[PDB]
Structures are given as structure tokens and as C-alpha cells.
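Note sheet for the following structure.
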Amino acid sequence: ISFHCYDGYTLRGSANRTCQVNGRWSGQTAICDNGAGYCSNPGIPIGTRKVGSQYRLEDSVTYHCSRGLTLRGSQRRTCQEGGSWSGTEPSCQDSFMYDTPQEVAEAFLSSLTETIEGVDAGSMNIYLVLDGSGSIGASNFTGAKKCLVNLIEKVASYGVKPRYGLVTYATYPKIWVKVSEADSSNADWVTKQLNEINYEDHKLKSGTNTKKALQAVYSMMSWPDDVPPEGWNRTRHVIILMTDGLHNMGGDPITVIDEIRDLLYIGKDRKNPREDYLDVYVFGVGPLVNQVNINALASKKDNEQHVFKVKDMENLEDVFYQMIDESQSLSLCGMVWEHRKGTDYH
Amino acid sequence: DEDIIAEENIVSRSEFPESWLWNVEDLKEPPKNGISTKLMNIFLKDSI
Amino acid sequence: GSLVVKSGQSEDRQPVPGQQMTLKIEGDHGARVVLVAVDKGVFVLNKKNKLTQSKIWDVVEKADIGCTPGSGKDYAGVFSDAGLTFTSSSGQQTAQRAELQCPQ
Amino acid sequence: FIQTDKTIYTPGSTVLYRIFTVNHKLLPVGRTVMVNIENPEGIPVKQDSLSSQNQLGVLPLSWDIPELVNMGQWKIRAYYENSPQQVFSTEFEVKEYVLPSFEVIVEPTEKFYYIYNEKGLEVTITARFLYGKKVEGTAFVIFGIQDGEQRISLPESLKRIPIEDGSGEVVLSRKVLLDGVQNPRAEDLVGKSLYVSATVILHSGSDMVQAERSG
Amino acid sequence: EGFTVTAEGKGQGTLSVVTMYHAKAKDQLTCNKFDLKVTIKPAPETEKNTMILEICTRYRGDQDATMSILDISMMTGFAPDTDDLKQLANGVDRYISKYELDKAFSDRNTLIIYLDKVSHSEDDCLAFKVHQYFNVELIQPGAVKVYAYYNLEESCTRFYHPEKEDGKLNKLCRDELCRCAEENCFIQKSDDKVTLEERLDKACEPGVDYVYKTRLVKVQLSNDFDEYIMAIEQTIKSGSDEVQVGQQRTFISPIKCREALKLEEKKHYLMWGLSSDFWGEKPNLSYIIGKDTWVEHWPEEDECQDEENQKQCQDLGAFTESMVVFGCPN
Ligand SMILES: *[C@@H]1O[C@H](CO)[C@@H](O[C@@H]2O[C@H](CO)[C@@H](O[C@@H]3O[C@H](CO)[C@@H](O)[C@H](O[C@H]4O[C@H](CO)[C@@H](O)[C@H](O)[C@@H]4O)[C@@H]3O)[C@H](O)[C@H]2NC(C)=O)[C@H](O)[C@H]1NC(C)=O
Ligand SMILES: *[C@@H]1O[C@H](CO)[C@@H](O[C@@H]2O[C@H](CO)[C@@H](O[C@@H]3O[C@H](CO)[C@@H](O)[C@H](O)[C@@H]3O)[C@H](O)[C@H]2NC(C)=O)[C@H](O)[C@H]1NC(C)=O
Ligand SMILES: [Mg+2]
């Protein structure tokens, strides 16, 4: 299908789009815009419905998918100061759309390198949560162990050595590597811990208590009356977790996520949102996947994807060896990070 | 029931605008008898 | 010139919602044709402010520089009432005109 | 000359408008044109300064309507940059409405009314759908007199006729008309006009349309 | 927000600050030119149900109203008696069109009765019988709409239904926000038992948030929502609410679901529900008994000594220890 606007309108995005084998349309979303708003037209992704024709400042739009379709992304977007909509562009997913192995690692590295080159100065924490529920299998855990080994060497290939945190959970959380250790920034020592873990105790306690795991991640980053720390307004936090979305114990895990953003001073201001200091990536392991629960946990940053759905596990191991063959052109241009020495030429 | 078209199979009419076809056309066809004829293929809206 | 719009499809029956049709645009060569398609349920509420060809010629006819539809009181009054100036080498002229519009 | 796409708009929609720039020979030309959009109070809201050069004398433009806005008769004014004293205008209405499904044409049998016609004034009520089909239902027709802009209604002339096969007939009698002005002389009604209003309601009760023929 | 305006330069200007908002006043805009009272009553016994619909209307103003239009819609499965419409159409100051008289009992679910007038001092009442030509298990309420010919916007619409009070649908509303309550009252009647094979698998679905065992303290009927105060005895599955032994929680059911519950004070019950059934702000919290809430009666300690409840009390006791000690597998 092709798109063509009326007179006096500019077409941005792909004018010619094609339905592919993965049930998705090719190219970018076609948008007819007149250029009369402070923000641009957020447009209508194919399958959605937009409520809100005003595109002025402080305005909002809400999106809804069709019958039997699951929304991925932000249901509500708000025009911010500077001409940039909050959240991310939605996309209607189905019960069978999944993601190709190339599209997973292509978008994941383009998000991750943005919150790495601002750390460039030792000032970045990465949290690793793995689901050991009985709905995944004993044969599907050791294939996920070998996947996580390839992740650490790609991060250390940029010259940045962050602090890692390893927690595997099921009914209870088990902390293997804490971020408050003297050896957590040594990237080779954490890789030695990843082979020494054993999942025989998590198989006995078969369950999916997501909320009690995230309460252990909250206890690692919180400070017990330490009184503002030196990296409170300068530390990037990256949370990576795999799950199936089928949690039945502990309760709604979203209530722990809102406690984390309040502790990091995110959203508690109108002039400084601080959205670049918390990124959350959720990966879907099996066909048994609730796409609603995995979308509400992941972050929603602009022009970027954080929700992924793949099947058979081994293809997710195929995206981790492919991402180390992919070289990212690091750009030191246009980088201004907020250091508290605000004299000019900074 | 079992007879009739299934309700889920029916795709509903949705496009009911009040005005459309706001386009520019240039009569670049060869002029016979001082008259240029452009044939346009347009898609009609769902309004009755 | 001329501009006619008719059905490019050979009549057929009354078309169905969603059906494609062919529109015949018949006009002058090298002309930019602009289009609009309006629901006829709009003209029930308001039939004022339609752009027609007869309303265009009404504006052109009310901007002419001639006032009286025929003749005048003298020879110079014929020209000023029809919208012309005359001047000659023998002294015969028309009256001055300092108003852009007609009298009364 | 200013073209609009519709004559009435709702809040929240967008108004599309073209401007055709010609000279004194009705041939296209390229000038600088100032464009204004005025509220019902007569205050310009948005101003622009466009040029019709390299555009073949057609200037496509647009304007969005806010959700909270003043209703009434809006105005669009435009003029050449070298002749600001000669302004050209076209109006459009802003109202909260929905579209009807049928029109009502109120046409009397003659385009006037004679005083000494004892038959009265006969008015034909035509009601058909947008797609050409005819309308079954009931109508409500009332006459009235107008002197200048002060309108005087005539409640004695209320009739309720059924509309069969998209047609209906209603007559205002002369004795009802002479009893409304309280005038013993019939020659003083020369100069005044008459206006008829009709309201047709369907048999399902789902829609109704008010129409009026005045002057 | 309070803001500052800095104005510099040469000349005069005019600043205007207007705020548009929705004002909460009286909600009295419906029935502003009319008053409409519609009631549906059953017919007496002669010798296929028949009921009597009574409609009364009155104009608000200093004079009697002009010609007005009544838009009567029927309940689904009900049609007017053809003899009673002929009585009112030949009556004085009334007219029903001949297109509506000879429709017979085929399709006459909408009806327009044209009134020549309606008074402003006394109510002008009419009544006619309706026969039930098609018995359906669920009946949609009909509506009566009153308006004059010259202004459709100044109308008023009342509903009628023989069970629900004046045709209103069941909704749950607290602090302006309303949720739909025209669904089922519990999940299912069940009685299939099967113990953990049909009870653990429902409780370990990913939608189930909380599993509690409570005790009813006080039943408080209060207008829109019914309050059931449940003191929490033990926490079987700890949901998203941190609650200890002895604390109380408030439960909400609509009016039409009060009969299907049959909850009695000083009794113990077992209840589970979804995490979308939460409707409480601050540390106060209100639970919703919707169509995705399981309700089962827990008999007390001496009540399990019956041989009829012996099969059921061994089902409930083993359900607790499989969730307390082991939790939900997978
Ligand atoms: C990390 O968190 C801490 C705690 O919130 C934060 O401290 C803040 O530092 C800024 C400076 O970087 C302070 O801002 C100024 O503070 C002085 C007093 O120390 C005030 O007088 C200032 O007001 C004037 O100056 C402004 C321009 O400098 C003018 O715009 C203004 O109108 C006044 O003339 C100014 O507020 C701030 O007060 C503290 N806050 C607290 C609670 O201590 C620190 O900056 C954070 N780090 C980073 C990198 O953001
Ligand atoms: C998007 O794809 C479309 C096709 O799907 C591209 O349209 C192509 O446009 C050219 C104009 O340069 C067309 O050429 C002309 O076609 C008309 C047909 O009536 C003919 O009369 C003219 O003499 C001229 O040859 C071409 O036909 C058309 N392609 C097809 C398949 O019809 C369009 O350019 C693409 N746009 C972008 C941005 O990719
Ligand atoms: Mg599980």
C-alpha cells in the first residue's frame, strides 16, 4: 500500500510500504504533517487508533489497538519542552509475530551505547536477573547461561568496566554477585562466577515470584540513610532481565519499578526528567509469553525498542554472538553531560 | 447462527469523512481539439 | 476556457461504498486543476459561500471604471461615464477623476 | 478569490483553504499576499505573508481548530501587499453538529404572494434522502411575517401533515393571516415578506431536519 | 501556576488571562422543560405475559406546551396491543399515524405518539398494555423521550424496566469514576470439586494475585455500593498488599449481586481474585467482587463433622498446605 497526502502537507516516513513475512509493514511510519504544532505529528502506526488532534505543548494522545491485538509501547504520549514526545511509538503485536534474530540485537545495541558514551570519564551499574521458574525447563537454563557469558565481553570491549549484579530467582531471590563488592567492577571475575552458579535449589522451589526479586534489586541500589551519595545525580543504571511474563506469586511487580524511579529522582521534576539514568530491557524466552506484562516493565524511550519476543531459546543465543560481530560507530560529538562545574566551554 | 456470515468475518465500514479529494492535477496529456483529458482512479469512501 | 467533470466510468449502476471509480477531468491544456469532493449533507445546513463561476463574474462586473450604461450630458460626459480620458491638441479634454469608485 | 472545502466546521477539525491569485485579465500571476483569519468579534488570530510565485497562482494553506473555541461566523480576509486598501473576504460557520440523512426543500407554488388571492399561500414540502430515495414520516409547518429584521410569528397557522412518498402539501389561509396582524385594511401588507419553517420527523424517530424558506 | 510577565520597550498593550474548565455545580440539566414519570406494572388476571405501561408528562413553564413528540421504544420481546393504540389515536388531542397502526405484531418496537398539547398544571397521562410475544432470558430496558417540535435539544429521556429500578443499569461508582457492573457476580457455580486438580490450577494462573481466608464482621448496606468487612485470619498467597494476621479489609459488591452471595456475619470464607479488581487509594483499600472473583463458603471447625461436608473439608485443608509450604509450581 502507498501513501499520499493532501495539498499543503509534507509526507515524512516511508511513502511505499510492504507487508513482510513476519506480519509487519516495512520501512518507517508514514505521517502527513502541516508543521503547525510545537511538537510534530506523532502519526498513526498501522493497526492503532489515535485520540487527540491537538499537537500543541503539554498535549497528550492515547492509542488503542484492534480486537485481539496487544499494544507494545506507550499507550499515552505527551509533548514535552523542546519538541519531543514522551514515551515511545506504539506497534500492535499479535500472538504470533515474535521478532527476527537480526532485529533484536540491532535495536538493543543502539540503545545500550547511548548510556555508555555518557559514562565516559567506573560510574555505571548493570543488573542481571534470570528467571528460574518451572515453566521454562531445566534444559532451557544452561543454554541461557552460555548466552550471558557473551554479553560481558561486548560491554568490556568499549574500554568501560561497569559494576555487575547477578541475581537468579524463582520463589526466592538468590544474590550471587552484589554491586557493593570490591570485585564487581572486575569484568573477568564476574564471568568466573557465572559458571560456578548452580540451579538445583531453584528447581526445588519452582515458582515465579517476580516482585520479591525486584525487591532485592531495590535493596542493592538503595542506601541505608547514607545521605546524598556522590553518584546519586551521576550514575547510569541498566536493568536486564529475562522472563515469560507469567508471574503468580508476590503480586504486581510494577509497584517495585515505581519505587526505583522515585529513588533515582526520575519524573519528580518538570525541568529535569532524568530518563537516561534508568533503562530496562525485557526479553521473552518462550511461546508462553504474556506480552502485556513484559511491556509494562520495560522502559519507553524515544525512537527505541526495549521489548523482545523470541522462541526456542537457541535463537536468542544466536543474537548474542551476532552483536559482537556488529561494530557500533561510537560518536564523541555533541556530548554534553551535566557536570557540576558549569563554566562556559563546558 | 451456523448459517449467516460469521460476525468476526465482517469487516466494518469506518471511513466516513465530510470532505476529501483535495488534490492538484496538471493536465499534461496530449491536447486533442484544445481539450486535455486526465483519467483519475479514485477510491470512494464508505459513506452512503 | 472550459472545465467539465463527469464520470469516466460508463455510467454503470450507483457505486458501492469502497468501490473504485474513474473520474474524467476535461479541461484546457497546461492547466492546473484543483479538486474537492463534498458530502451533499453539508449543503442542508449551509448553502451560503459556494464558489461558483457566476459569483466570480459578479465581482469583475462591479469593478468596472464605467458608471452610466449609456451616453452622457455632453461629449466629455460620455467618456467619463464609460471610463475613458480624452485629450487633444485642439484643447478638447475630459473632466478629471479623483474618486476610484462611481458617484453615489 | 478564496475557496474553502466546506461551509461549516466542528471544533477539533482542520480547515483547508486555497487562494487563487489573478490580475485584471483573470490570468494567473505571482504577487505577495497577506492572509488573515478573523474570529466572530473581528480580531485576526493568524497572519501569514505568502507568495504565489512559481506555484501557478494556487496557494494551498491550512488551519487547525482548537477544541475550545468560539462558535459563530468566522472570516478569512486577504489582500495584495501593494494594495492594502482592497480586501477580499469569505466567511464560514463553526457549530457543534452531526450530519443529517435527508434534506427538506420548502418551496411555495409561486415565488410571491398576491394579496387578493382568496386561495391563500400554497407551499410544497419536498423531503428526500441524500441518495435519492423518498422519505416517509410527519411534518410540522408554521408561517410568519417579517418587517425589516423584527420578526413576528403566526401561531394560528400550525398544521401537522403526514409526509407520504416524499411529498406534502400545506396551505396558509387568508383569514388566518389577516387575523394575525389585527389589520382591517389589506393594503398595508405590501412590502412585508413571509417566511415558512418546516420540521420533518421520521417514523423511526431517529432523525429530524429543520428547514426554512424566507423572503 | 503563578507566572511572571516582563514587558519592555515603547508602546501600549493589553494582557488577558482566561482559564476554561469544567465546573461542578448541580447536575440539573436533564428534564429542564419537561417532567417524565414512567412506570411498568403487570396486568391483572383474565381467565404469554401482558403488562401495563403508564406514562405521565408535564411541561415546565407558565403556559401549556404546544405540539410535542413522544418517542417510545419497546423492551426487547415486547410489542404494544393493537387495540389500545386505536383507542388513543382516536382520542382528543392525540394522533398516531396510520403507518404505525397496521404494522400488526410483526415489527413494532418503536412507536411515535403525536400529542397536540401537554398541560403545565396537571400531568397528561396515558396508559396501554404490552404483550410479550417473544420470551428472552435477558430483557433490554425501553425508553420514553419527550420533546417539542421546535427544540430537540431541550428533551428528557426516562427508562423503564420491570426488575431494575426505572431502567438504570448496574454500575459501581466511587468518587466520580464508574466501572461497568452488568456482568456476572462470581466466576462460576462449579460444585465439580476435583480438589487441587481443579483448584490449584485455577489459583496458580498468572492473573490470580491474592488468596486469603477471612471472617465476616459487619455487613453495611449503603446506597450505591454494599460493604462487607472481612477480618483477615491467615495469608495463603501474599499478593501486592502487605497485610498481617488480624487486620480487616473492605469488600464491595453491587446491588444485583447481593442475593447470589448470601454472605452472613461471623462466618468464614475463602476468596481469590485478580489484580485488576483493586479499587482502593492510600493505605485504605477496597476489594471488588466482580466476574473474576471466586467465592466459596468455609464451614467452621464443628461444621466439618457432617458426612456431607467430609468430602469438602478434606479438600480445603490440603489446599492451604500446598500453597503455604510449596507455593505455585511453574
Ligand atoms: C546533586 O544533588 C544536589 C542536591 O539536590 C544538588 O545540589 C544543588 O546544587 C545546585 C547548584 O549546582 C544549587 O543551585 C544553587 O544553589 C545556590 C545556593 O547554594 C542558590 O543560591 C542558587 O540560586 C541562585 O542561582 C541560580 C543560578 O545559579 C539562579 O538561577 C537563581 O535565581 C538564584 O539567583 C541555586 O539555586 C541547589 O540549591 C542545590 N540543591 C540542594 C538541595 O542542595 C546538585 O547540584 C546535584 N548535582 C547535579 C550534577 O545536578
Ligand atoms: C513509490 O512507489 C511507486 C510505485 O509503487 C512509485 O511510482 C512511480 O512513479 C513514476 C513517476 O516518476 C511513475 O512513472 C509514470 O507512470 C505513469 C502511469 O500513469 C505514466 O503515465 C508516466 O508516463 C510515467 O511513466 C511510475 O509508473 C510509478 N511506478 C509504478 C509501478 O506505477 C514512486 O516513485 C515511489 N516513491 C518513492 C518515494 O519511492
Ligand atoms: Mg513460571
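Every number in this text was worked out from the coordinates using simple rules, so none of it is lab data. Here the Cβ is made from the backbone with ideal geometry for all residues, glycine too, and neighbour counts use every protein chain on show.
Some notes on this structure:
- Rough spin-label spacing in nm, given labels placed 7 Å along Cα→Cβ, for E:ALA25 and A:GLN20: 5.8 nm
- Among C:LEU45, C:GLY83, C:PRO17 the positive-end extreme of the charge dipole of chain C (Cβ point charges): C:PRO17
- Estimated FRET transfer efficiency when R0 is 35 angstrom, pair D:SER167-E:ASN151 (beta carbons, to 0.05): 0.85
- Label-to-label distance for D:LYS192 and E:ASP224 is 5.6 nm, based on points extended 7 Å past Cα in the beta-carbon direction.
- Computed over the stretch E:1-92, Kirkwood Rh from alpha-carbon pairs, angstrom: 20.3 Å
- Annotation for the stretch D:152-215 versus the stretch E:77-151: alpha-carbon center distance of 28 Å.
- Calculated FRET efficiency for the pair C:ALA63/A:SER84, C-beta based, R₀ 45 Å, to 0.05: 0.30
- Expressed as a fraction of 2.2 N^0.38 Å, the C-alpha radius of gyration for chain C is 1.92.
- Across peptide B:13-20, the mean count of Cβ atoms from other chains lying within 10 Å of each residue's own Cβ comes to 5.
- Here the Kirkwood formula, the inverse mean of 1/r across different C-alpha pairs, assigns the stretch D:1-99 a hydrodynamic radius of 14.3 Å.
- Dipole size of the stretch D:100-215 about its Cα centre, with +1 on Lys/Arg Cβ and -1 on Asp/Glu Cβ: approximately 40 debye, rounded to the nearest 20.
- ³J(HN,Hα) computed for each position of the stretch E:128-135 - Karplus, 6.51 cos²θ - 1.76 cosθ + 1.60, integer Hz, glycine/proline x: 8, 8, 10, 9, 9, 8, 8, 6
- Here the stretch D:92-195 is described by how far its Cα atoms reach on the three principal axes: 47, 34, 22 Å, from widest to narrowest.
- If you wrap chain D in the convex hull of its Cα atoms and look at it from every side, the mean projected area works out to 16.9 nm².
- Descending principal axes extents, the stretch A:135-227, alpha-carbon based, whole Å: 37, 35, 17
- Legend: ranking of residues E:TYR150, A:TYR127, A:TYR169 from fewest to most surrounding C-beta atoms inside 10 Å; resulting order E:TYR150, A:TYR127, A:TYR169.
- Within the stretch E:196-260, the proportion of C-alpha pairs whose separation exceeds 14 Å stands at 65%.
- Calculated SAXS-style log₁₀ I(q)/I(0) at q = 0.14, 0.26, 0.32 Å⁻¹ - the stretch B:7-48, Debye, Cα scatterers: -0.57, -0.99, -1.16
- Prolate/oblate/rounded label for chain E (Cα gyration tensor, a/c 1.5): oblate
- Calculated FRET value between A:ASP7 and E:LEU169, using beta carbons and R₀ = 56 Å, to 0.05: 0.75
- Projecting the Cα atoms of B:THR37, B:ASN23, B:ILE48 onto the dipole axis of the stretch B:7-48, where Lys and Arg carry +1 and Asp and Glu carry -1 at the beta carbon, places B:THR37 farthest toward the positive end.
- Backbone N within the stretch A:327-346 under 20 Å of label point (7 Å from A:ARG274 Cα along the Cβ vector): A:336-342
- Over the stretch A:1-93: Rg over Rh, Cα atoms, Kirkwood Rh: 0.96
- Remark: mean inter-chain Cβ contacts per residue of E:274-280 equal 1, using a 10 Å Cβ-Cβ cutoff to other protein chain atoms.
- As computed over the protein assembly as shown, the Cα convex hull volume per residue (Å³): 318 Å³
- With the alpha-carbon atoms of chain A aligned to their principal axes, the span from lowest to highest coordinate is 66, 54, 40 Å, starting with the largest.
- By other beta-carbon atoms within 10 Å, ranking E:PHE128, E:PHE134, D:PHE1 with the fewest at the front produces E:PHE134, D:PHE1, E:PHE128.
- For the stretch A:1-93, size of Cβ-based charge dipole, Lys and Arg +1, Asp and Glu -1, in debye: 420 debye
- Computed over all pairs of different Cα atoms, the Kirkwood value for the hydrodynamic radius of the stretch E:51-103 is 13.4 Å.
- Using only side-chain charges placed at the Cβ, +1 for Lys and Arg and -1 for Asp and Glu, the dipole size of the stretch D:51-95 relative to its Cα centre rounds to 120 debye.
- Fewest-first ordering of D:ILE105, E:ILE229, D:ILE2 by other beta carbons within 10 Å of each residue's beta carbon gives D:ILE105, E:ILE229, D:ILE2.
- Simple spin-label estimate for D:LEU68 and D:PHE112 gives 5.4 nm between the two label positions (7 Å along the Cα-to-Cβ direction from each Cα).
- Scattering curve values for the stretch E:183-326, log₁₀ I(q)/I(0), Debye with Cα scatterers, q = 0.18, 0.20, 0.21, 0.22 Å⁻¹: -1.17, -1.47, -1.63, -1.77
- Between C:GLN53, C:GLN92, C:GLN19, the GNM of chain C built on Cα springs shorter than 10 angstrom shows C:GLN19 fluctuating the most.
- Whether the stretch D:135-215 is rounded, prolate or oblate, judged on the alpha carbon gyration tensor where a/c under 1.5 counts as rounded: prolate
- With 18 Å as the limit, the listed pairs C:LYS24/D:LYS133; A:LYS145/A:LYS203; C:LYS40/D:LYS111; E:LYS48/E:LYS103; B:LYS38/C:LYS24 have C:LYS24/D:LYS133; C:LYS40/D:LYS111; E:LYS48/E:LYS103 beyond it between alpha carbons.
- Globularity index of the stretch E:5-55 is 3.03 (Cα radius of gyration / 2.2 N^0.38 Å, N = number of residues).
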